[PDB]
Every structure is written in C-alpha cells, then in structure tokens.
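Comments concern the structure below.
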Amino acid sequence: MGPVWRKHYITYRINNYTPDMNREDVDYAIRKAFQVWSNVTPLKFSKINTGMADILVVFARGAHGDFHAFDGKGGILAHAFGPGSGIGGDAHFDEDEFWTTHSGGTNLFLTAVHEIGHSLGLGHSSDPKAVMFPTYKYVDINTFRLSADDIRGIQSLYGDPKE
Ligand SMILES: O=C(O)C[C@@H](O)CCc1ccc(-c2ccccc2)cc1
Ligand SMILES: [Ca+2]
Ligand SMILES: [Zn+2]
Ligand SMILES: [Zn+2]
C-alpha cells in the first residue's frame with residue numbers, strides 16, 4: 001500500500017498559465033483531466049482561485065525549486081508528486097514544451113490525466129494502452145478513454161463511484 005488522499009473532496013489551483021494556449025483552454029484541459037478520474041472513483045475535484053489548494057498546478061522551466069529541474073523542450077514533459085504533505089499532490093508542467101488543445105505539439109489534457117494519476121497515488125503501467133504508461137503518445141482526445149488497467153489501479157486506491 002502507498003499513501004493516498006484521505007478525503008474525497010479535493011481542491012486544485014492553477015498557480016500560473018502557459019502562454020501557449022489561452023486561459024479558457026488551459027482551465028478546460030485541466031478540468032477535463034480531473035473529470036477523467038472522478039468518473040471512475042468517489043473523488044470530487046474543484047478549482048479554487050485563492051487559499052492553499054490540495055493540488056497545485058504549476059507551469060515552470062528548468063530548475064524551479066524542487067530538486068527535479070526540467071530539461072527544456074522534449075524529454076520529460078511534466079512530473080507530479082503523490083499524496084503527501086507540503087509539495088504532496090502538485091503537478092508541474094515543463095513550460096519549455098509547446099502545449100496544445102489538440103495534437104499541435106504536446107497535448108495538455110492527456111499529459112494532465114497522466115500527472116493527476118500520479119498526484120492521486122498511481123505509478124507507471126507496463127500496459128501500452130494505459131494512460132499511466134511512461135510514454136506520451138497522442139490519441140484523439142474525443143475518443144480518449146482510461147484503459148482497464150488504469151481503472152483497476154485507481155479503484156484499488158479509492159474504490160468505485162457510489163450508488
Ligand atoms: O512520467 C511522468 O510522469 C513524466 C512525463 O514526462 C510523462 C508524460 C506523459 C504524458 C502522457 C502520457 C500518455 C498520453 C496519452 C495516452 C497515454 C499516455 C504518458 C506520459
Ligand atoms: Ca522537457
Ligand atoms: Zn517540479
Ligand atoms: Zn509518469
């Protein structure tokens with residue numbers, strides 16, 4: 001067993017915004033990524049604009065103060081921290097990538113789903129169909145669906161949705 005969030009209502013805050021997409025699209029990509037996970041668990045996610053959030057969403061480049069500097073465009077696209085104190089739960093997105101609403105460059109939505117996965121306590125999957133698979137690969141975002149391995153992994157930590 002690993003650490004998990006100990007409450008079902010979780011807040012998130014977007015600390016800053018990439019200039020690559022407007023505010024609405026960043027908000028939307030992120031909201032929809034949390035929704036992928038709340039659809040298969042009892043978890044509820046909500047965006048806040050002031051105060052300390054459970055999960056902080058940050059865009060940053062190179063060294064940004066957590067001992068895991070980013071590596072410019074390509075390579076690692078983002079990273080996140082599992083349920084914990086302090087930094088616990090935050091999701092950082094390498095601002096040197098080029099973030100897009102679709103397949104223009106690095107899809108923000110798919111990346112967010114992957115990273116939120118980590119923020120929720122999940123690790124990597126060896127299943128090539130899983131969102132938690134270690135390698136980014138674009139998939140039509142209107143067709144996107146968690147894999148069975150993803151769902152079994154997240155339900156093992158939080159259970160399924162209630163009646
Ligand atoms: O491993 C990490 O958390 C650091 C990041 O560099 C990894 C980014 C990433 C982003 C999307 C995916 C993915 C995207 C679509 C479908 C399945 C997986 C996989 C991986
Ligand atoms: Ca990078
Ligand atoms: Zn970081
Ligand atoms: Zn990962």
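Chain labels follow the order of the structure tokens: the first chain is A, the next B, and so on; residue numbering restarts at 1 in every chain, and ligands are counted from 1 in their shown order.
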Selection near range 62-68 of chain A, 9 Å with only C-alpha atoms, sequence-local residues under 4 positions removed, as a list in words = residues 72, 79, 87, 94, 95 and 96 of chain A
For the residues in the current selection, export N, CA and C atoms as a JSON list (two decimals), in the first residue's frame.
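Dumped everything to result27.json:
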```json
[["chain", "number", "residue", "atom", "x", "y", "z"],
["A", 72, "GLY", "N", 14.21, 21.49, -20.63],
["A", 72, "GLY", "CA", 13.93, 22.15, -21.91],
["A", 72, "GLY", "C", 12.96, 21.33, -22.75],
["A", 79, "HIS", "N", 5.87, 16.44, -14.35],
["A", 79, "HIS", "CA", 6.03, 15.45, -13.30],
["A", 79, "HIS", "C", 5.13, 15.84, -12.14],
["A", 87, "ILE", "N", 4.52, 19.71, -0.67],
["A", 87, "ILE", "CA", 4.50, 19.63, -2.12],
["A", 87, "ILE", "C", 3.55, 18.51, -2.57],
["A", 94, "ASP", "N", 6.35, 21.23, -17.65],
["A", 94, "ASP", "CA", 7.53, 21.85, -18.23],
["A", 94, "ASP", "C", 7.12, 22.90, -19.25],
["A", 95, "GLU", "N", 7.33, 24.17, -18.89],
["A", 95, "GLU", "CA", 6.86, 25.26, -19.72],
["A", 95, "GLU", "C", 7.65, 25.39, -21.03],
["A", 96, "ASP", "N", 8.76, 24.67, -21.15],
["A", 96, "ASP", "CA", 9.51, 24.70, -22.41],
["A", 96, "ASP", "C", 8.84, 23.84, -23.48]]
```
Selection within 7 Å of ligand 4 by only C-alpha atoms and all ligand atoms, output as a ChimeraX atom specification = /A:79,114-115,118,123-124,132,134
Atomic distance CA of residue 7 in chain A - CA of residue 112 in chain A, expressed in Å with one decimal = 20.9 Å
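Among the candidates A:15, A:22, A:85, A:155, the one nearest to residue 41 in chain A when counting only C-alpha atoms is A:155.
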Mind dumping a table of every chain A residue within 10 Å of ligand 1, with the nearest atom pair and its distance in Å to one decimal, using only C-alpha atoms and all ligand atoms, sorted by chain and rising number, as a tab-separated table?
```
residue	atom	partner	partner_atom_place_in_ligand_line	distance
A:70	CA	ligand 1	6 (O)	9.7
A:74	CA	ligand 1	6 (O)	8.5
A:75	CA	ligand 1	6 (O)	6.6
A:76	CA	ligand 1	6 (O)	3.7
A:77	CA	ligand 1	6 (O)	3.9
A:78	CA	ligand 1	5 (C)	4.7
A:79	CA	ligand 1	3 (O)	4.5
A:80	CA	ligand 1	3 (O)	6.4
A:81	CA	ligand 1	3 (O)	9.2
A:91	CA	ligand 1	3 (O)	9.2
A:92	CA	ligand 1	4 (C)	9.5
A:93	CA	ligand 1	5 (C)	8.7
A:94	CA	ligand 1	6 (O)	8.8
A:106	CA	ligand 1	10 (C)	8.4
A:107	CA	ligand 1	11 (C)	8.0
A:108	CA	ligand 1	10 (C)	8.4
A:109	CA	ligand 1	11 (C)	8.6
A:110	CA	ligand 1	14 (C)	4.8
A:111	CA	ligand 1	10 (C)	3.9
A:112	CA	ligand 1	10 (C)	7.3
A:113	CA	ligand 1	11 (C)	7.4
A:114	CA	ligand 1	11 (C)	5.3
A:115	CA	ligand 1	3 (O)	5.5
A:116	CA	ligand 1	3 (O)	9.1
A:117	CA	ligand 1	3 (O)	8.6
A:118	CA	ligand 1	3 (O)	6.9
A:119	CA	ligand 1	3 (O)	9.7
A:122	CA	ligand 1	3 (O)	10.0
A:123	CA	ligand 1	3 (O)	8.4
A:124	CA	ligand 1	1 (O)	7.2
A:125	CA	ligand 1	18 (C)	9.6
A:127	CA	ligand 1	17 (C)	9.8
A:128	CA	ligand 1	17 (C)	7.8
A:129	CA	ligand 1	17 (C)	6.7
A:130	CA	ligand 1	17 (C)	5.7
A:131	CA	ligand 1	17 (C)	3.6
A:132	CA	ligand 1	18 (C)	5.7
A:133	CA	ligand 1	18 (C)	5.3
A:134	CA	ligand 1	20 (C)	4.7
A:135	CA	ligand 1	19 (C)	4.2
A:136	CA	ligand 1	19 (C)	3.6
A:137	CA	ligand 1	15 (C)	5.0
A:138	CA	ligand 1	15 (C)	5.4
A:139	CA	ligand 1	15 (C)	6.0
A:140	CA	ligand 1	15 (C)	9.1
A:141	CA	ligand 1	15 (C)	8.9
A:144	CA	ligand 1	16 (C)	7.9
A:145	CA	ligand 1	16 (C)	8.8
A:146	CA	ligand 1	16 (C)	8.4
A:147	CA	ligand 1	17 (C)	9.0
```
So how many Å separate CA of residue 51 in chain A and CA of residue 16 in chain A, to one decimal?
-> 14.4 Å
Which of range 20-94 of chain A fall in helix (DSSP H, G or I), as a ChimeraX atom specification = /A:23-38
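With only C-alpha atoms and all ligand atoms as the basis for measurement, A:61 is the residue among A:32, A:14, A:52, A:61 that approaches ligand 2 most closely.
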Write out as an MDAnalysis selection string all residues of chain A that backbone DSSP assigns to strand (DSSP E).
-> chainID A and resid 9:14 44:47 55:60 78:80 91:94 99:100 106:107
Using C-alpha atoms, can you export the residues from the last selection as a PDB file, in the first residue's frame?
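Saved as part_35.pdb:
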```
ATOM      1  CA  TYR A   9     -13.342  16.323  -1.980  1.00  0.00           C
ATOM      2  CA  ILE A  10     -10.047  17.681  -3.340  1.00  0.00           C
ATOM      3  CA  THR A  11      -9.294  21.205  -4.462  1.00  0.00           C
ATOM      4  CA  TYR A  12      -6.854  22.303  -7.134  1.00  0.00           C
ATOM      5  CA  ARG A  13      -5.475  25.606  -8.131  1.00  0.00           C
ATOM      6  CA  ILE A  14      -3.708  26.672 -11.282  1.00  0.00           C
ATOM      7  CA  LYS A  44     -14.740  15.098  -6.373  1.00  0.00           C
ATOM      8  CA  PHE A  45     -12.403  17.819  -7.679  1.00  0.00           C
ATOM      9  CA  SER A  46     -12.918  21.610  -7.544  1.00  0.00           C
ATOM     10  CA  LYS A  47     -10.894  24.611  -8.814  1.00  0.00           C
ATOM     11  CA  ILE A  55      -3.185  20.068  -5.576  1.00  0.00           C
ATOM     12  CA  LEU A  56      -1.274  22.952  -7.090  1.00  0.00           C
ATOM     13  CA  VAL A  57      -0.898  23.035 -10.907  1.00  0.00           C
ATOM     14  CA  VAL A  58       2.307  24.864 -11.988  1.00  0.00           C
ATOM     15  CA  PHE A  59       3.993  25.641 -15.346  1.00  0.00           C
ATOM     16  CA  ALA A  60       7.764  26.060 -14.864  1.00  0.00           C
ATOM     17  CA  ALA A  78       5.956  17.208 -16.652  1.00  0.00           C
ATOM     18  CA  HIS A  79       6.027  15.449 -13.297  1.00  0.00           C
ATOM     19  CA  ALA A  80       3.912  15.198 -10.160  1.00  0.00           C
ATOM     20  CA  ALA A  91       1.595  18.669 -10.788  1.00  0.00           C
ATOM     21  CA  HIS A  92       4.328  20.592 -12.651  1.00  0.00           C
ATOM     22  CA  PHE A  93       4.297  21.046 -16.418  1.00  0.00           C
ATOM     23  CA  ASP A  94       7.532  21.855 -18.228  1.00  0.00           C
ATOM     24  CA  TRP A  99       1.207  22.969 -25.000  1.00  0.00           C
ATOM     25  CA  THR A 100      -1.774  22.499 -27.286  1.00  0.00           C
ATOM     26  CA  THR A 106       2.264  18.423 -26.520  1.00  0.00           C
ATOM     27  CA  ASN A 107      -1.399  17.793 -25.620  1.00  0.00           C
TER      28      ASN A 107
END
```
